[PDB]
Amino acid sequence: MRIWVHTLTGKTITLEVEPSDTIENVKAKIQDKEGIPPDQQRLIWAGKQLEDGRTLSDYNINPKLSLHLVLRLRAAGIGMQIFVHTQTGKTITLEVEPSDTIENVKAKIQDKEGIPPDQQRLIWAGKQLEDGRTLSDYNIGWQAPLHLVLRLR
C-alpha cells in the first residue's frame, strides 16, 4: 500500500502503490513527485535490480513489513541514442550523431529491420524529416531523448 524509496540525497520518498503495479509504474510515480525520468532510474531491493515489466507481486515481498527501495540514477550517456517507434508497437533504438543525415537514419533502420529507406517516413513533432538534412538542421532539444515515429509509404 505505502512504500518508501531512498535517494542519494538522503531524502526519502513515500509512494502509494498496490501489488499489481508494475515497476515501470513505480518509476512513473517517482517521476511525478521528483521530475526524474524513468529511463534514468534503477530501483534496488534486497540486492536485486527491479525489472520494468514486472509487478511488485512478481517479487517475493513480505507485506507485513514496510517495503523500502533504493533509487540509483543510471546514465543518459556513453553515446547518443535515439528511439524510433513503429506501427507494430516495437521501439527501435539507434545510435546517431547530430551531423547524421535523415537518410542515414533511414539507412540505420534498414540495417536493423530490413525496411527500405524508400518506404520510410520519419515524423518528429508533426514534421516529416527531410532526407537531405541533418538532425542538427532541426531544432532538437538535446537534453531530452529524441523519439521519432516511423510510418510506411
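Numbers follow the displayed sequence, beginning with 1.
Relative to its counterpart among 106 to 114 and 86 to 94, 86 to 94 has the higher mean temperature factor, C-alpha atoms as listed in the PDB entry. Judged by mean Cα B factor in the deposited record, 45 to 53 ranks above the other of 22 to 30 and 45 to 53. The entry lists a Cα temperature factor for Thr14 that places it in the middle third of the chain's modelled residues. In this PDB entry, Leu122 carries a Cα temperature factor that places it within the lowest third of its chain's modelled residues.
For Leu129, the recorded CA B-factor ranks within the lowest third of the chain. Only modelled residues enter the ranking.
In the PDB entry, a CA B factor belonging to the lowest third of its chain's modelled residues is recorded for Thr101. In the PDB entry, a CA B factor belonging to the lowest third of its chain's modelled residues is recorded for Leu69.
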